[PDB]
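Q: Pasting a structure here, questions to come.
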Amino acid sequence: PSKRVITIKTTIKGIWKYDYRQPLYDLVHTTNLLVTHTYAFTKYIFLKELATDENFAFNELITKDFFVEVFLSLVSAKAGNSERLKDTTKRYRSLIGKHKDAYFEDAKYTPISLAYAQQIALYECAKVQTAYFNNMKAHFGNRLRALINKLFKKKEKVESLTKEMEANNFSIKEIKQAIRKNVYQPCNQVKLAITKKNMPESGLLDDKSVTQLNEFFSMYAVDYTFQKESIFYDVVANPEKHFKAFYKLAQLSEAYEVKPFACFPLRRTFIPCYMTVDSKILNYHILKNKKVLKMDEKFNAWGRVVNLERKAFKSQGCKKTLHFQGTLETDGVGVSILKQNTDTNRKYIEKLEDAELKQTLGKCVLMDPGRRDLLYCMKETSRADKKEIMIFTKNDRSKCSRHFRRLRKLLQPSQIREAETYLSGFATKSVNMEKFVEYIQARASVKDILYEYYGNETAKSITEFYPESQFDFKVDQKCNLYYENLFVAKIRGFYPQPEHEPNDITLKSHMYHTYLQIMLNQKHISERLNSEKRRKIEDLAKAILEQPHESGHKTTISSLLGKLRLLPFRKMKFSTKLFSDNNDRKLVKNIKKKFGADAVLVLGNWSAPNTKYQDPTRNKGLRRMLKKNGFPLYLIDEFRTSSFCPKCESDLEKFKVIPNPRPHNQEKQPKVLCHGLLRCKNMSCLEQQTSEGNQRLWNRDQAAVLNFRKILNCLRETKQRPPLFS
Amino acid sequence: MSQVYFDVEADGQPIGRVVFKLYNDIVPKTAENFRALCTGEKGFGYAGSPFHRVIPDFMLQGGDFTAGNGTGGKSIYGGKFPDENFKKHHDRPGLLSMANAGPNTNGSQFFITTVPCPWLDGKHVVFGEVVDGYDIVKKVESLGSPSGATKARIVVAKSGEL
DNA sequence: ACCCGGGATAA
DNA sequence: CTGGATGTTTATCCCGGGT
RNA sequence: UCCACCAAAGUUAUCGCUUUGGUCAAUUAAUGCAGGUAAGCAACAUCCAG
Ligand SMILES: [Zn+2]
């Protein structure tokens, strides 16, 4: 039978026993650093070997075994039998030791004692190898083509030829043909020649380009030939023999001032990341057990730390054939429970057939994907006096994500932002030895503080990031009690009040005590305060009751409570996923209710490319989600669909001038032409009112959906696309 | 007009009883919700709800039987119910009215007025008045503070209807 | 003498 | 913030140390 | 370097338009939906690219 894997998300606090929480937190704090050092150390070794001897075997070292040795080199342990080591293992360890001493001083890192780290190394390094393969497979050919274009000087030749023909006043017809004959076609021939490892015709490239090409080819073996006479296909099929060439390609790109790209994957994020927790890892690192854990006791050991009676852990899927195999991932806050059913032993609407298109009558919904508006849905039965229109805006989905980002950028301590700015000045993606070493030193200079700030959720916090700061409570219109940013609770009985602002200011201090009592009783607030601070806060609260007029007590309380101001970044990350899932289900509910349960969706062919000044949009993942929910979805061409008036097929134009919709660009530009509004030029389109003359006004999305309906009706009647929209 | 009686205990010592009379005919939903909470036949009620906000010479407040800090409370109709009308006004001392956090935010909390409150008209729904035990109301009021925090801990031990 | 951590390799 | 590629473990053997 | 949603008027199917009536969980919470409690379902991590 086939195999599939499903994952269920949850939280540590909900399934993890309190007694075993602290061991897990330390384990993540250790694994995260080791993995990060493994990435940096591995790159450091390669740049040391490649920058000193071009005869290095970098191509042969891309294997899980080498990464495991690198990961273990950072762990101090009692060495076992030495004669049982394989020759490959000895060579890898010797190579690692060749630079181990230098790297530690460069990175200012000390070995960490972590017994039973074999499994952790295997999983983390397996991911490392996967990242290395995927990174090159995705961008090897893409970057090679860019380098070839730069070597051919396509931009320079096009500019020179275009300007030369401008002096001769040649038309676009001649210019676009001369450029094609003299630039594009020769470039294609050069690419074809390079694709087979053979040099291009002499004279097409300058001496420097030819020398660089020879240097690039020297990376490969002289007698080696690309499979199927295609370098691009060979790399995908056999990437094992192109890593060194990929590095040389990156070096050439940097030499030509091209934007640096990360050839060697690196973990730059300081927030802890998810790590696998195998049964053995749980047995040794978490449970602190000191003996072998057999498979039969695997479930018993797991049940000692987590509750297996929860629905999340129990069987799932059709026929309850999916079982939890004692494997999961966690980053200290979130948990991913994996389930598998196997043992651990190792169509466009135009091209639809008659049997389908003719049976969709009365159930087609037209969707126009916009930029600011994610979707503009209109039902085919809509009329002017019957508006079956639905708008799904970008604000609805990005409400939570934008809110978290705003909170993070406001609560960032001055020291943290300065450290981030200083660290960001170094180009990590660069392959230069000097620059990479400088980045390592810069990162290591503030690695401790950054980890402490971002690890405030679980790691002990000893440094206070908000000194000389006074905090006070406040209440909004909805009677929500906010402590600077902390949400305490909603005071449902806050409106009843006497005349505002009594002359006795000291009464405000007494109100602070009431707010403190409303705050210290909150579950999420009490759990974040240690016993000693809570006792001191209570003592200060008692003093405030006896001596409200003294502001020193409030200042001390604010200083003690400054810990709570640290944001739980991991929880925000988990909440972002929940909000996205809720919005996706929210969208499904709206589609089913607003239009119908068995509605058929028609979507445009626009791919929504990512562009500057335009944040991402849902174009590709949306189709997968809609098809997963079971909504019949079909694609329709958008060619000139919004360029004509639905009422009379006349051309449309933009006429209103509006202040720059993007507020940050208002300073740069007062007004810009309207985006989503159009009017019909033809004067006969509208039953115009008297004395002024007028024309029908349309929305860009509204016109598009109306034209989509016209195409749908024409296809249903004759199955031929209208000539106007073809 | 249904009558409501409360037993008030301060610092563990009973201090008296207060009797309220509700304008059920004028404010049906609020009176019904108040009656249900006082009876306690639904497994919950004012039993144990303290007076968390008492301002001397101004007002008494209470009815938080879930948190006892002015943030909790619910209603038989759910989390909140819409308002009904303002046929009654805070024109006399001792009037019993609902404490809320805005339109349609009424819950279980209530407040008792000790002086005329013309400014509160059109904001809070008045649905009752004190008919007996006004001396106990003054006694409870004397224990309040300008900030609303009571000098002593006052809790309604029992509630009922008559 | 006789057994316990801890590492290492392997399918 | 969105899109794309690849995973998602458990036995068996040997020794310095301890007793 | 900014922005929750429903609907009415300007209005003609009228804009990152103006005025209105209404909606609410705010959150640094919770694994989510779902059915009125039990039932049934729900792919996660790493890296890279913009
Ligand atoms: Zn027209």
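If you check the header, you will see the structure was determined by electron microscopy, 3.5 Å.
Quick reminder: no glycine exception, Cβ is built from N, Cα and C everywhere.
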Q: Which one of B:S97, B:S142 shows up in Swiss-Prot with the note phosphoserine?
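A: B:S142, according to Swiss-Prot.
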Q: Report which of B:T66, B:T71, B:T105 appears in Swiss-Prot with the annotation phosphothreonine.
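A: Record annotation (Swiss-Prot, phosphothreonine): B:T71.
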Q: Of B:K74, B:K80, B:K123, which one does Swiss-Prot label ubiquitin cross-link?
A: B:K123
Q: From B:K88, B:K138, B:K151, name the one Swiss-Prot lists as ubiquitin cross-link.
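A: Candidates were B:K88, B:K138, B:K151; Swiss-Prot attaches ubiquitin cross-link to B:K151.
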Q: Among B:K87, B:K139, which is the one flagged in Swiss-Prot as ubiquitin cross-link?
A: B:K139
Q: Please determine which of the recorded sites listed here (B:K42, B:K123, B:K151) has the lowest count of neighbouring CB atoms within 10 Å.
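A: Sparsest of the recorded sites B:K42, B:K123, B:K151 by Cβ contacts within 10 Å: B:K42.
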Q: Nearest to B:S145 (phosphoserine) in three-dimensional space, by Cα, is which of the recorded positions B:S2, B:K29, B:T71, B:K151?
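A: Among B:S2, B:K29, B:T71, B:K151, B:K151.
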Q: Taking the Cβ of B:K29 (ubiquitin cross-link) as centre, how many other Cβ atoms lie within 10 Å?
A: 18
Q: Rounded to an integer, what is the Cα-Cα distance in Å between B:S2 (N-acetylserine) and B:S142 (phosphoserine)?
A: 28
Q: Within its own chain, what residues at least 6 apart in sequence put their Cβ under 8 Å from the Cβ of B:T71 (phosphothreonine), listed in sequence order?
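A: Sequence-distant Cβ neighbours: B:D64.
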Q: Nearest by CA distance to B:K151 (ubiquitin cross-link): which of the recorded sites is it, out of B:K29, B:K42, B:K123, B:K139, B:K158?
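A: So, spelling it out, the nearest of the recorded sites is B:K139.
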Q: Within the chain of B:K158 (ubiquitin cross-link), which residues six or more apart in sequence place their C-beta under 8 angstroms from its C-beta?
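A: Same-chain residues close to B:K158 (ubiquitin cross-link) (Cβ under 8 Å, separated by 6 or more) are B:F6, B:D7, B:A47.
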Q: Do the recorded positions B:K29, B:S142, B:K158 include any whose Cβ comes within less than 8 Å of a Cβ in chain A, and which?
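A: Of B:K29, B:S142, B:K158, none lie near chain A.
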Q: Return the member of B:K29, B:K139, B:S142 nearest to B:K123 (ubiquitin cross-link) in space, with distance defined Cα to Cα and candidates limited to these recorded positions.
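A: Nearest listed residue in space: B:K29.
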